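Chemist: Let me begin by handing over the structure; questions about it come next.
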Amino acid sequence: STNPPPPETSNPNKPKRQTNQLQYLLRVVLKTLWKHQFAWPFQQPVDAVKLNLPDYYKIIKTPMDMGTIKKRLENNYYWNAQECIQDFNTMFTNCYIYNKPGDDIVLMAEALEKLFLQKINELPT
Ligand SMILES: Cc1noc2c1-c1ccccc1C(c1ccc(Cl)cc1)=NC2
């Protein structure tokens with residue numbers, strides 16, 4: 001019937017900072033992944049109504065996507081890099097939970113996750 005409201009992308013009462021690692025997570029890691037040929041399913045919240053996946057938000061109770069991440073980064077929502085990295089890992093984990101090995105979407109995630117890991121292996125100070 002409906003989608004849940006999307007995750008918040010601003011919250012005045014949350015502590016936040018710009019750090020060099022967070023600037024890098026947007027400029028390099030996110031904006032690079034974003035251009036990947038497999039990025040599209042992850043660029044916005046799962047529209048379970050459009051996709052006719054009525055079970056999605058029965059199974060996935062902490063939704064996350066790169067559009068939300070992008071907006072959090074642009075709005076300086078995070079206190080540190082680790083908070084953002086945690087949202088990427090929630091996004092990947094959700095994909096692996098809802099789907100099964102060998103599914104096209106899981107292969108897409110696996111690729112993006114490898115790339116993500118490659119890019120965050122070394123961060124700014
Ligand atoms: C993210 C996400 N996690 O689970 C799903 C998605 C998804 C999200 C947006 C559009 C299609 C899908 C799809 C999807 C299914 C097959 C392919 Cl070739 C691409 C996308 N599956 C459900």
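So you can find residues: chains in the structure tokens are A, B, ... in the order shown, residues in each start at 1, and ligands are numbered from 1 in order.
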Which residues are near range 94-109 of chain A? Cut-off 7 Å, only C-alpha atoms, ignore same chain within fewer than 4 positions. Put them as a PyMOL selection string.
Modeler: chain A and resi 38+59-60+90+113
Chemist: Report as an NGL selection string all protein, DNA and RNA residues lying within 9 Å of residue 88 in chain A, evaluated on only C-alpha atoms, omitting residues in the same chain fewer than 6 positions from it.
Modeler: :A and (64-66 or 69 or 113 or 116)
Chemist: Fewer than 2 positions away in the same chain doesn't count, so skip those; otherwise give me all residues within 8 Å of residue 75 in chain A, counting only C-alpha atoms, as a list in words.
Modeler: residues 9, 10, 71, 72, 73 and 77 of chain A
Chemist: For residue 5 in chain A, please output as a PDB file with N, CA and C atoms, in the first residue's frame all residues within 12 Å (counting only C-alpha atoms; exclusion window: fewer than 4 positions along the same chain).
Modeler:
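Printed below is out_37.pdb as written:
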```pdb
ATOM      1  N   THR A   9      17.510  13.101   6.661  1.00  0.00           N
ATOM      2  CA  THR A   9      18.746  13.623   6.100  1.00  0.00           C
ATOM      3  C   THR A   9      19.233  14.903   6.744  1.00  0.00           C
ATOM      4  N   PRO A  45      15.754   5.559  -1.905  1.00  0.00           N
ATOM      5  CA  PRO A  45      15.041   4.521  -1.158  1.00  0.00           C
ATOM      6  C   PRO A  45      14.291   3.518  -1.991  1.00  0.00           C
ATOM      7  N   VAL A  46      14.278   2.273  -1.545  1.00  0.00           N
ATOM      8  CA  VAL A  46      13.512   1.256  -2.262  1.00  0.00           C
ATOM      9  C   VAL A  46      12.032   1.642  -2.314  1.00  0.00           C
ATOM     10  N   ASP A  47      11.513   1.829  -3.531  1.00  0.00           N
ATOM     11  CA  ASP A  47      10.098   2.097  -3.720  1.00  0.00           C
ATOM     12  C   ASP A  47       9.334   0.800  -3.856  1.00  0.00           C
ATOM     13  N   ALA A  48       8.953   0.244  -2.711  1.00  0.00           N
ATOM     14  CA  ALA A  48       8.345  -1.047  -2.674  1.00  0.00           C
ATOM     15  C   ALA A  48       6.964  -1.104  -3.312  1.00  0.00           C
ATOM     16  N   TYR A  57       9.455  -3.936   3.288  1.00  0.00           N
ATOM     17  CA  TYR A  57       9.567  -3.224   4.536  1.00  0.00           C
ATOM     18  C   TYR A  57       8.935  -4.037   5.683  1.00  0.00           C
ATOM     19  N   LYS A  61      13.918  -3.417   8.268  1.00  0.00           N
ATOM     20  CA  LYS A  61      13.415  -2.457   9.252  1.00  0.00           C
ATOM     21  C   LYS A  61      14.344  -1.264   9.484  1.00  0.00           C
ATOM     22  N   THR A  62      15.548  -1.287   8.918  1.00  0.00           N
ATOM     23  CA  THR A  62      16.433  -0.126   8.972  1.00  0.00           C
ATOM     24  C   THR A  62      16.910   0.132   7.555  1.00  0.00           C
ATOM     25  N   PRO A  63      16.044   0.741   6.708  1.00  0.00           N
ATOM     26  CA  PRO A  63      16.366   1.045   5.316  1.00  0.00           C
ATOM     27  C   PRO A  63      17.526   2.028   5.183  1.00  0.00           C
ATOM     28  N   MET A  64      18.324   1.836   4.152  1.00  0.00           N
ATOM     29  CA  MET A  64      19.368   2.812   3.824  1.00  0.00           C
ATOM     30  C   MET A  64      19.712   2.719   2.346  1.00  0.00           C
ATOM     31  N   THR A  68      20.093   8.807   0.249  1.00  0.00           N
ATOM     32  CA  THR A  68      20.050   9.257   1.647  1.00  0.00           C
ATOM     33  C   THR A  68      21.451   9.599   2.172  1.00  0.00           C
TER      34      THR A  68
END
```
Chemist: Hey, what's within 12 Å of residue 115 in chain A if we count only C-alpha atoms and toss same-chain stuff fewer than 4 positions away? As an NGL selection string, please?
Modeler: :A and (28-30 or 32-36 or 38-39 or 88 or 108-111 or 119-121)
Chemist: Quick one: DSSP alpha helix (DSSP H) residues in chain A, as a VMD selection string?
Modeler: chain A and resid 20 to 24 31 to 33 56 to 59 66 to 74 81 to 98 104 to 120
Chemist: Write to file, as a PDB file, in the first residue's frame, the residues of the selection just made, with C-alpha atoms.
Modeler:
```pdb
ATOM      1  CA  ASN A  20      38.532  15.485   5.807  1.00  0.00           C
ATOM      2  CA  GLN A  21      37.410  11.878   5.834  1.00  0.00           C
ATOM      3  CA  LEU A  22      33.767  12.887   5.458  1.00  0.00           C
ATOM      4  CA  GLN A  23      34.648  15.266   2.596  1.00  0.00           C
ATOM      5  CA  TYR A  24      36.459  12.349   0.940  1.00  0.00           C
ATOM      6  CA  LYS A  31      30.456  10.284  -6.103  1.00  0.00           C
ATOM      7  CA  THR A  32      32.556   7.545  -7.647  1.00  0.00           C
ATOM      8  CA  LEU A  33      30.279   4.656  -6.716  1.00  0.00           C
ATOM      9  CA  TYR A  56      10.245  -5.423   1.533  1.00  0.00           C
ATOM     10  CA  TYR A  57       9.567  -3.224   4.536  1.00  0.00           C
ATOM     11  CA  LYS A  58       8.227  -6.223   6.450  1.00  0.00           C
ATOM     12  CA  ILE A  59      11.746  -7.708   6.273  1.00  0.00           C
ATOM     13  CA  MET A  66      23.077   6.069  -1.301  1.00  0.00           C
ATOM     14  CA  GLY A  67      20.661   8.894  -2.093  1.00  0.00           C
ATOM     15  CA  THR A  68      20.050   9.257   1.647  1.00  0.00           C
ATOM     16  CA  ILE A  69      23.782   8.952   2.307  1.00  0.00           C
ATOM     17  CA  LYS A  70      24.556  11.590  -0.388  1.00  0.00           C
ATOM     18  CA  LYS A  71      22.094  13.988   1.230  1.00  0.00           C
ATOM     19  CA  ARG A  72      23.470  13.282   4.741  1.00  0.00           C
ATOM     20  CA  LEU A  73      26.971  14.016   3.527  1.00  0.00           C
ATOM     21  CA  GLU A  74      25.900  17.197   1.644  1.00  0.00           C
ATOM     22  CA  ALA A  81      33.482   8.871   8.832  1.00  0.00           C
ATOM     23  CA  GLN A  82      32.571   5.731  10.714  1.00  0.00           C
ATOM     24  CA  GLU A  83      28.941   6.792  11.055  1.00  0.00           C
ATOM     25  CA  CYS A  84      28.731   7.183   7.273  1.00  0.00           C
ATOM     26  CA  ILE A  85      30.578   3.873   6.612  1.00  0.00           C
ATOM     27  CA  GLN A  86      27.982   2.264   8.883  1.00  0.00           C
ATOM     28  CA  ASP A  87      25.166   3.518   6.682  1.00  0.00           C
ATOM     29  CA  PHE A  88      26.899   2.065   3.560  1.00  0.00           C
ATOM     30  CA  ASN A  89      27.164  -1.263   5.412  1.00  0.00           C
ATOM     31  CA  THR A  90      23.519  -1.193   6.405  1.00  0.00           C
ATOM     32  CA  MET A  91      22.616  -0.573   2.719  1.00  0.00           C
ATOM     33  CA  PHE A  92      24.672  -3.551   1.535  1.00  0.00           C
ATOM     34  CA  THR A  93      23.489  -5.834   4.396  1.00  0.00           C
ATOM     35  CA  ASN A  94      19.846  -4.996   3.640  1.00  0.00           C
ATOM     36  CA  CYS A  95      20.370  -6.073   0.031  1.00  0.00           C
ATOM     37  CA  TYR A  96      21.921  -9.397   1.114  1.00  0.00           C
ATOM     38  CA  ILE A  97      19.157  -9.965   3.675  1.00  0.00           C
ATOM     39  CA  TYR A  98      16.174  -9.306   1.352  1.00  0.00           C
ATOM     40  CA  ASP A 104      21.170  -9.995 -10.192  1.00  0.00           C
ATOM     41  CA  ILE A 105      20.755  -7.317  -7.470  1.00  0.00           C
ATOM     42  CA  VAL A 106      23.101  -9.201  -5.147  1.00  0.00           C
ATOM     43  CA  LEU A 107      25.769  -9.363  -7.825  1.00  0.00           C
ATOM     44  CA  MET A 108      25.346  -5.592  -8.219  1.00  0.00           C
ATOM     45  CA  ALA A 109      25.749  -5.059  -4.493  1.00  0.00           C
ATOM     46  CA  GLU A 110      28.751  -7.402  -4.286  1.00  0.00           C
ATOM     47  CA  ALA A 111      30.506  -5.364  -6.985  1.00  0.00           C
ATOM     48  CA  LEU A 112      29.753  -2.028  -5.349  1.00  0.00           C
ATOM     49  CA  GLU A 113      30.767  -3.376  -1.966  1.00  0.00           C
ATOM     50  CA  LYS A 114      34.171  -4.561  -3.291  1.00  0.00           C
ATOM     51  CA  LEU A 115      34.709  -1.108  -4.786  1.00  0.00           C
ATOM     52  CA  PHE A 116      33.589   0.622  -1.597  1.00  0.00           C
ATOM     53  CA  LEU A 117      36.073  -1.477   0.432  1.00  0.00           C
ATOM     54  CA  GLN A 118      38.843  -0.712  -2.060  1.00  0.00           C
ATOM     55  CA  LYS A 119      38.169   3.024  -1.749  1.00  0.00           C
ATOM     56  CA  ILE A 120      37.856   3.235   2.061  1.00  0.00           C
TER      57      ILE A 120
END
```
Chemist: Restricting the calculation to only C-alpha atoms and all ligand atoms: of A:37, A:11, A:44, A:3, which residue gets closest to ligand 1?
Modeler: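 Distance minimum relative to ligand 1 lands on A:44.
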Chemist: Give me the residues within 7 Å of residue 17 in chain A as a PyMOL selection string, counting only C-alpha atoms and dropping any in the same chain fewer than 3 places off.
Modeler: chain A and resi 76+78-80
Chemist: Record the distance separating CA of residue 42 in chain A and CA of residue 27 in chain A, expressed in Å with one decimal.
Modeler: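 Computed distance, CA of residue 42 in chain A to CA of residue 27 in chain A, equals 17.4 Å.
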